[PDB]
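**Student:** Sequence, then the experimental structure. Questions to follow.
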Amino acid sequence: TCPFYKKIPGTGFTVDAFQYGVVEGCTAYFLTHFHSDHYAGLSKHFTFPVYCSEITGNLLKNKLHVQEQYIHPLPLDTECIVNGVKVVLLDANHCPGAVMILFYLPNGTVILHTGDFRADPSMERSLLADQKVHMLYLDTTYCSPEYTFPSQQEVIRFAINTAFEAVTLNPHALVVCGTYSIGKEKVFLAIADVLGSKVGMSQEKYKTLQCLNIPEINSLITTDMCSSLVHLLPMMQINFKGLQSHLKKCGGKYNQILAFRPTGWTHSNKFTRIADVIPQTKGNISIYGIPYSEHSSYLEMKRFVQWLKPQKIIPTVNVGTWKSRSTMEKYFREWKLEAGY
Ligand code: NI
């Protein structure tokens, strides 16, 4: 059964609600982005209208085989009427094709559903500038002040400089980057660009990337692993055993691996600066965990919410324990008392 924080009152709509069967009263199912916890349940047998971005619709059609007649892509930053209700899709600064959804209810209420997002001051100059928001369905993944991490730009600077130094010292070093979902493509694209290489990967991952509308992508990626000195591998293989096994397969072309694991936050963020990050090393293999986040830090989340000034907040992450719920509610009240709304 579909939980309350996935339902939009006064409409026939749900958000990210595909794992509950036929939801009673739902006339249109919105999908914010192509991550498995959110799409859980979609397939070629789905026969209701799905509303989403262009990029998410390319992924539904090619990767899950949802039929075309049930895919309804909407352009971003554009007022659209869906089943008699005005909606707008906004870029969520999460993975490719991820949106937030503004719903203008028939009674005058305005609701913002963030989906998953990484808040940014640039959102303060979107179509959100123009009207009041009564209710905020908020991605609370990192809603506690311990959750700090650097900008995406600092993280990429670190990765490019680390990879270029290692391969210039040793032209026989291979770089490997882990992945298990869409998102974080800048990590492997930026490293391949500095090295003058295409990125090599499996046919299954190439297919996924080909759905993303990335400019000049045919110039950046390949399935010919032999031509490439940046390889993508499943995240599960980014360990000393999996990397050893991969280096054997490369036919003595290489004698060293440098590997990257983009994680979200890890407790090593509470002590160490990005500049000071060091790898784990065994022999000729070194693994870096890099804190490349596609979710808001605590401070980015707090700034956005204090700017938006919603009348009510409904968390969509960390909802399963009383302790998490009580912690999140305390921060929401602090924010409101400090800013005066
Ligand atoms: Ni996500």
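**Tutor:** Structure's in. What do you need? Numbers count the residues shown, from 1 in each chain.

**Student:** Near the ion, which residues of this structure are found?
**Tutor:** 35, 116 (CB under 5 Å from the ion). Yep, even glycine has a C-beta here, placed from its N, CA and C like the rest.

**Student:** which non-adjacent residue is nearest residue 52?
**Tutor:** residue 31 (4.6 Å; CB to CB, 6 or more residues apart in numbering).

**Student:** let me redo that: residue 198
**Tutor:** Using CB to CB, 6+ apart and skipping residues adjacent in sequence, the residue nearest residue 198 is residue 222, 4.4 Å away.

**Student:** what is the one you found paired to in the beta sheet?
**Tutor:** residue 200 (DSSP bridges).

**Student:** Contact partners for it?
**Tutor:** 198, 199, 200, 201, 206, 228 (CB atoms under 8 Å, 6 or more residues apart in numbering).

**Student:** related to what we said a few turns ago, relative to the ion, how far out is the residue nearest to residue 52?
**Tutor:** Distance of residue 31 to the ion, given as CB to the ion, to the nearest Å: 11 Å.

**Student:** Verify the contact between that residue and residue 48 for me.
**Tutor:** No - between residue 31 and residue 48 there is no contact under CB atoms under 8 Å: 11.4 Å.

**Student:** between those two, who's got more neighbours?
**Tutor:** Using other CB atoms under 10 Å as the criterion, residue 31 and residue 48 rank with residue 31 on top: 28 against 13.

**Student:** returning to what we had before: can you list residues touching both of residue 31 and residue 48?
**Tutor:** Counting by CB under 8 Å, 6+ apart, nothing touches both residue 31 and residue 48.

**Student:** Tell me what residue 315 is bridged to.
**Tutor:** residue 138.

**Student:** That one: neighbouring residues, count only.
**Tutor:** Residue 315 has 19 nearby residues by other CB under 10 Å.

**Student:** contacting residues around it?
**Tutor:** 5, 138, 140, 143, 325, 328.

**Student:** So the second one sits against residue 114, correct?
**Tutor:** So that's residue 138. Yes - between residue 138 and residue 114 a contact is recorded at 5.6 Å, counting by CB under 8 Å.

**Student:** I'd like to know which elements the helix or strand harbouring residue 177 is packed against.
**Tutor:** Using DSSP states H and E, residue 177 sits within strand 173-179. Other elements packing on strand 173-179 under the criterion 3 or more CB pairs under 8 Å, 6 or more residues apart in numbering; DSSP states H and E are helix 152-169, helix 185-195, strand 230-234, helix 240-249, strand 256-263.

**Student:** for these, which one sits closest to residue 41?
**Tutor:** strand 230-234 (23.4 Å; CB to CB).

**Student:** Provide a list of residues in contact with residue 7.
**Tutor:** Contacts of residue 7 (CB under 8 Å, 6+ apart): 13, 14, 15, 17.

**Student:** The second one: what secondary structure?
**Tutor:** Spelled out, that is residue 14. Following DSSP: H, G, I helix; E, B strand; the rest coil, we place residue 14 in the strand state.

**Student:** Begin at 29, not 1, for the rest of this chat.
**Tutor:** Got it, first residue is 29 now, which makes that one residue 42.

**Student:** picking up where we left off before, run through who's touching the strand holding residue 205.
**Tutor:** Residues contacting strand 201-207 (CB under 8 Å, 6+ apart): 191, 194-195, 215-216, 219, 223, 233, 257-263, 265-266, 271, 274-275, 278, 281-290.

**Student:** picking that back up, can you redo the contacts of residue 35 as a markdown table with neighbour count?
**Tutor:** Shown next, in a markdown table, are those (neighbours: other CB atoms under 10 Å):
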| residue | neighbour count |
| --- | --- |
| 41 | 26 |
| 42 | 21 |
| 43 | 21 |
| 45 | 21 |
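
**Student:** Quick check: residue 54 is in a helix.
**Tutor:** No - counting by three-state DSSP, residue 54 is not part of a helix but coil.

**Student:** The residue of the chain most remote from its centre in helix, strand or coil?
**Tutor:** Distance from the centre of the chain peaks at residue 280, with 36.0 Å (CA atoms, centre = their mean). Three-state assignment for residue 280 (three-state DSSP): coil.

**Student:** now the strands for the stretch 29-178 of the chain?
**Tutor:** Ranges of strands within the stretch 29-178 of the chain are 35-36, 41-43, 56-58, 78-80, 99-101, 108-110, 113-119, 127-132, 138-141, 163-166, based on DSSP state E, counting those that start in this stretch.

**Student:** With distance to residue 299 as extra columns, can I get the ones you listed in CSV?
**Tutor:** Formatted as CSV, these follow (distance: least, CB to CB, whole Å):
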stretch, distance to residue 299
strand 35-36, 41
strand 41-43, 37
strand 56-58, 40
strand 78-80, 40
strand 99-101, 44
strand 108-110, 47
strand 113-119, 33
strand 127-132, 33
strand 138-141, 35
strand 163-166, 28
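
**Student:** out of those strands, which comes closest to residue 148?
**Tutor:** strand 113-119 (9.4 Å).

**Student:** tell me which strands and helices the closest one is in contact with?
**Tutor:** strand 108-110, strand 127-132.

**Student:** and the closest residue to residue 205 other than its chain neighbours, what does it touch?
**Tutor:** Excluding its sequence neighbours, the residue lying closest to residue 205 (CB to CB, 6+ apart) is residue 216, at 4.2 Å. Counting by CB under 8 Å, 6+ apart, residue 216 makes contact with 205, 207, 227, 258, 260, 288.

**Student:** Fine by me, we can end here.
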